[PDB]
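*Asks:* give me a 3D structure for the following:
(one chain, ligands or ions: 1)
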Amino acid sequence: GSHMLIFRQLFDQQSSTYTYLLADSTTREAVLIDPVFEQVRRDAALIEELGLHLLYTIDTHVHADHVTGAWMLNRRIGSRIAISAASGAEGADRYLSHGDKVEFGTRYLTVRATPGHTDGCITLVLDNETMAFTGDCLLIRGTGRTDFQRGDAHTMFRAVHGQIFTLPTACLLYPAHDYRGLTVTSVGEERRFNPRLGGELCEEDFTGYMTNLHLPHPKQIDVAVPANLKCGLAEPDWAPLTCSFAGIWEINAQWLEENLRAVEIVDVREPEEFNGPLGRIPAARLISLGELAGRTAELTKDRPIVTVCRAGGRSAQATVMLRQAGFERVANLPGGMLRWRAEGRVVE
Ligand SMILES: [Fe+3]
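*Replies:* Residues are numbered from 1 along each chain as shown. See the structure here:
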């Protein structure tokens, strides 16, 4: 291998936004394109599980449909914020212009200016031109809308034809949104089959199409745009907690051993295990997983609960059951009793 592309496309159901994680497989340096504020914990957890270092978030434009996660990721894991200079956004670390390279390891994206949806849209072209991220400029068999944010259908047509359709025909095109379950298109497909501006359609054909869309008023533009013009400027605190990519809150085991009386330890193993050679954590209370749902009245509402099992799996499902029963301070012991014993930690 060596310096291969690690690639992840992630979808945000609320806004139908695609976020793209890219990284160099050797150096593990990464960029994240169009992160969504509501998905910041998810994105961060994925970056951690893949063992990546996020150098930059990159916004293709000022979004009207969601708040960018750029600000919050900068705060949380120190990624730098990049957006186009033409966007007018304040508070970025790097302002991008046509021709700029965003580097990650030996890999890079090159910026092409592709306004039309907004005046600050850009398209990010992978170094080898096998894929490009088109924002809301070119969508799968469509385009972004042109009626807000200083959009302009004449400008969009010229950007698509002049900057995107000039890429190689096999180049994949990853958009910032899709509402139909589609993930990718290609230069050759859109050149031929885009129904608004592909085939032989001219600029006036396209602008007549766009004038007669009459889309509903953008439902979030009055909140999202002022937030994104500041790059996205507007957690459980009872212990050092981390959320897995799977969505499970996990407690720090060293902290737990030093603070055993601050929490209720719920052991969801079977009785033969609870009394078995793995031992148990001092004051662990046995409630086997198959009984837990029906016995939550026995758990206190005054201290956090940490669930434990053999190796962390059953106790993860116990956190789900406890959250569904309304317990809001619950965490899993990652690695379970096996890891607890492997680290020589105290047992009854
Ligand atoms: Fe947009």
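*Asks:* find the residue at the geometric middle of this protein.
*Replies:* Closest to where the C-alpha atoms of the chain average out (Cα atoms, centre = their mean) is residue 43, at 3.6 Å.
*Asks:* ok, that residue touching residue 20?
*Replies:* No. Residue 43 lies out of contact with residue 20 (Cβ atoms under 8 Å); the separation is 10.6 Å. Any C-beta I mention is one placed from the backbone N, CA and C, and that applies to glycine too.
*Asks:* shared neighbours of those two, anything?
*Replies:* Common neighbours of residue 43 and residue 20, using Cβ atoms under 8 Å, 6 or more residues apart in numbering, are 10, 32.
*Asks:* which parts of the stretch 51-200 of the chain are strands?
*Replies:* Per DSSP state E, counting those that start in this stretch, the stretch 51-200 of the chain has strands spanning 53-59, 80-84, 94-96, 101-104, 107-113, 122-126, 131-135, 138-139, 142-143, 172-175, 185-186. These are given in chain order.
*Asks:* and among the ones you listed, the most buried is which?
*Replies:* Among these, the stretch with the highest mean neighbour count (mean count of other Cβ atoms under 10 Å) is strand 138-139, at a mean of 28.
*Asks:* for it, packing partners?
*Replies:* Helices and strands touching strand 138-139, as assessed by 3 or more Cβ pairs under 8 Å, 6 or more residues apart in numbering; DSSP states H and E, comprise strand 172-175.
*Asks:* TSV for the strands of the stretch 51-200 of the chain, including distance to residue 207?
*Replies:* Below are the strands of the stretch 51-200 of the chain laid out as TSV (distance: least, Cβ to Cβ, whole Å):
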stretch	distance to residue 207
strand 53-59	27
strand 80-84	24
strand 94-96	28
strand 101-104	32
strand 107-113	20
strand 122-126	21
strand 131-135	19
strand 138-139	16
strand 142-143	11
strand 172-175	21
strand 185-186	22
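*Asks:* and of these, who's closest to residue 294?
*Replies:* Nearest to residue 294, of all the strands of the stretch 51-200 of the chain, is strand 53-59, at 43.4 Å by Cβ to Cβ.
*Asks:* ok, the residue nearest to the centre of the chain to residue 49 distance?
*Replies:* 11 Å (Cβ to Cβ, to the nearest Å).
*Asks:* check residue 343 too.
*Replies:* Going from residue 343 to residue 49 by Cβ to Cβ gives 21 Å.
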